[PDB]
2 protein chains.
Amino acid sequence: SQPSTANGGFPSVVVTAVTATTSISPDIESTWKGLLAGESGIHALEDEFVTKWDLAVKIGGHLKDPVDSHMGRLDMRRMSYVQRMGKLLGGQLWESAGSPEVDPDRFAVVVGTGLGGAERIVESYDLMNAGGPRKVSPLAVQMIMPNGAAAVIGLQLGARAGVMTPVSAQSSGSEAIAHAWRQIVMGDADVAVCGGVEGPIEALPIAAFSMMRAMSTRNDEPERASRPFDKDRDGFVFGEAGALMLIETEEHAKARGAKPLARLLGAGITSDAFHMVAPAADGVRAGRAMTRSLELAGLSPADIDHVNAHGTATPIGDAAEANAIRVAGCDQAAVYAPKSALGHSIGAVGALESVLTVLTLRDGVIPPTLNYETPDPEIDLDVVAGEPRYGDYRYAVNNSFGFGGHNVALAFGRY
Amino acid sequence: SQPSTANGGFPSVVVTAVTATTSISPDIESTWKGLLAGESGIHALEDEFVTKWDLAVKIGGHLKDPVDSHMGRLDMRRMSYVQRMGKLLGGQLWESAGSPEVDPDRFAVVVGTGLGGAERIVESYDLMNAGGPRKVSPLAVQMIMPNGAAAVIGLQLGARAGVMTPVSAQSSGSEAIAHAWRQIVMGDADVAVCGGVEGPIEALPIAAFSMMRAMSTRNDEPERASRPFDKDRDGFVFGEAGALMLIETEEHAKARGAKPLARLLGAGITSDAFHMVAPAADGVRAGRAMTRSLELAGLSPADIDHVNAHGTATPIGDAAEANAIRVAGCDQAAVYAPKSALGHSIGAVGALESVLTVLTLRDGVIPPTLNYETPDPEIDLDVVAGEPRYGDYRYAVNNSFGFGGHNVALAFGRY
Ligand code: NA
Ligand code: NA
């Protein structure tokens, strides 16, 4: 018989702490209550690079509390933005967990990102062109390497059982956590800090995503633009985030008297082999990922009460994911799509949405999916909307999919 | 009794085909032959950006046969460099394995890289600065995304059991092979194309790496510059490469009639939590990676006949690595350092060197480490040199270490 969490095959792994910075708040708890009050982080873009380039997208969600307003002249010179965000959340998370003294030989870190420290690439490039090789920072390399944030967090908190950085574009935050759960259940570690980081909204990233027609242009109502599964959706809205969580065996937590917020039960990772940016319309492979997170957890489709959807709010994207949920036998679960209020944080998004899945299992509630005003016939899912819905949610799947056809599903439980 | 490969805990995994392009040959069997004949792939840099930027480093090993000389006008505009390298090697490896017909849903891809399609970032940046947002191509995100090369190979070959990209700098290509094994013995896959690809020697990469002052500046004698474990080493040499290997269950391979070139038995991934770019002096966490690989393969250190050494030819790296080999208790092993001849390929190197470890095992011979002319006392390793060294090699560890504090060790065995 194949091992699973349920049959004692895998060690029990629990979530003991979470941390996030959102367009709604620097505090995950304030964001949670903000989401439950039906609030949106999406505002009008006020950065002068908007009119300057007369961008077709003029809305989005900046962090409520700027990362760099916590960052010294040394950090600003020595780190890239993701590395700085990494330090912040990495710092904030450890205190939240009581600042545990762990055996770092049993302590890993896994944090994904969309690109890494890309501002440092263009800077180093501008400088070399104007003043040559000597103008390049001796720290250019470590600031640019996309494993930069993870390495910073590993060094910062002291992890010596591996610092890993999975990249799969928009599912990097989920895959980050899925690999942290593997390192643990395979005997490589006892505890791990995991999640995803990502950079702030800028001109170049808007242009690149706009030129694919992937982004909403409902500029005149910033808070109505992001409409996952709504019949009138027209693409995603940028919504800056960063998120981390602490996971450890249920016995490691027990020992240090740590109260688990939820359980991480299993992880599924598949691929489409279909298109470089378009999701496979049939949802089969994405649905296989959900199934696979279930098999490792020892749960059946019927067991799943909630589904935190990727829900980017694009026509083919939300439609492909509706099919995915039906292949997985999970179309009778209560569905929520956080991007309705928090936008798309690319590499961070999956990890932020994983913390929301955990807060749903802890608190027994699902926030309303914003802007869900016209059910799309093709979708046909139980989209929680209008009000927060309460129930004894016991099992949930967090979904995330990236460009390259990456499908990451995480099985969660209530502690 | 925890699972090992020897005790039955894990499925048996075999390497059934390999492919590599280097500074010596576009052909892995001809690179091997020249490496044994005592060939260097390093030469004088004749690119005009060399004089233009007056760079302190004017030596490196360009690819014997340029990737773009095999790429049409279509591929040249729809892919970044590393995507185009991966397409070439993916298709080269596939045929070398016989163009197998495998279950797509049990077929995975894990390829590591240093940063991704970075040339496309600076191109899109120049384009926008010069003609605005609509001068960014709709294909830029898929060309830039760090997972791009792996996605391209997964689309190309049809990998629907996961397409992953681990990034850990210089160990990226080793860690990818690590994660494919994991992926198979965890039962998410039965066959996996895996390794690393990397971009070419270019002006801005040289500038950035020599600003850290860790590059050899021995431009008068390109072939004698990369001197790992030599007392008179002065930093690393760029040597271009990309490489892939095909792994599968011994059962999957027997059922299609593939001849295993070696076995993949285990892997260990740890981290130093010491410095952002420098390895830990004591080599402890690094040795621990090696140790972890043996614990999983079911081997004692006394069984390891040969260590394929990261051996970057920097003072502190070689010094730290020798200590890790003693921590691992593998100091009686025959040590080869391939960078002495083929140079450093960053994201691709650990994969290239994993392929070499397989040819050592298969052909029961080790090539000479070039330039090893003065034994450095502190080092104290049995380094192969002068002439290749034949012998009865049954097991071997391949070491890869990366900026950010990463240590990857892979345990291989003769089939
Ligand atoms: Na989600
Ligand atoms: Na090596």
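Here the Cβ is made from the backbone with ideal geometry for all residues, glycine too, and neighbour counts use every protein chain on show. Basis: the model, the stated rules and, where named, an outside source; no laboratory instrument gave them.
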Taking the stretch A:406-415 as the search range and keeping residues that are of a type in the set (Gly, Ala, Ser) and more than 14 Å from chain B (Cβ to nearest Cβ), which one is farthest from ligand 2 (Cβ to nearest atom)? A:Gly413
Which numbered condition in (1) away from chain B (no Cβ under 13 Å); (2) acidic (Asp, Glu); (3) within 21 Å of the chain's Cα centre (by Cα) is the only one that A:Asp220 fails? (3)
When every residue in the stretch B:319-361 that is farther than 20 Å from B:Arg285 by Cα and within 14 Å of another protein chain (Cβ to nearest Cβ) is compared, the one nearest to ligand 1 (Cβ to nearest atom) is B:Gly347
Output the residue which, of all residues in the stretch B:1-47 that are assigned to a loop (DSSP other than H, G, I, E, B) and of a type in the set (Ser, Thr, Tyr), is farthest from the other protein chains (Cβ to nearest Cβ). B:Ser25
How many of the residues making up the stretch A:119-147 are part of a helix (DSSP H, G or I) and more than 7 Å from chain B (Cβ to nearest Cβ)? 11
Among the residues in the stretch A:249-260, are any within 15 Å of ligand 1 (Cβ to nearest atom) and surrounded by 23 or more Cβ atoms within 10 Å (Cβ to Cβ)? no
For the stretch B:362-405, how many residues meet the condition of being within 16 Å of ligand 2 (Cβ to nearest atom) and either within 14 Å of chain A (Cβ to nearest Cβ) or among the charged types (D, E, K, R) (or both)? 5
Among the residues of the stretch A:148-177, the number that are of a type in the set (A, V, I, L, M, F, W, C), more than 7 Å from chain B (Cβ to nearest Cβ) and more than 18 Å from the chain's Cα centre (by Cα) is 2
Residue that is farthest from ligand 1 (Cβ to nearest atom) [pool: residues in the stretch A:286-318 that are assigned to a helix (DSSP H, G or I) and among the hydrophobic types (A, V, I, L, M, F, W, C)]: A:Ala302
The listed residue being in the same structural domain as A:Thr360 (by CATH), over 16 Å from A:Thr357 (Cα atoms), buried (at least 20 other Cβ atoms within 10 Å of the Cβ) and of a type in the set (D, E, K, R), out of A:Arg233, A:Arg285, A:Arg227: A:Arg285
Of the conditions (1) over 22 Å from B:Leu342 (Cα atoms); (2) touching a residue at least 60 places away in the same chain (Cβ under 8 Å), B:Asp54 clears all except one; give me its number. (2)
Taking the condition out of contact with any strand residue (DSSP E or B) (no Cβ under 6 Å at 6 or more places or on another chain), in contact (Cβ under 8 Å) with a residue 24 or more places away in the chain and either within 14 Å of chain A (Cβ to nearest Cβ) or surrounded by fewer than 24 Cβ atoms within 10 Å (Cβ to Cβ) (or both), does B:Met79 pass? yes
Selection status of B:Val384, of a type in the set (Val, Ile, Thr), away from ligand 1 (no atom under 16 Å from the Cβ) and more than 18 Å from B:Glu321 (Cα to Cα): no
Given (1) more than 16 Å from ligand 1 (Cβ to nearest atom); (2) part of a helix (DSSP H, G or I), A:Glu175 misses just (1)
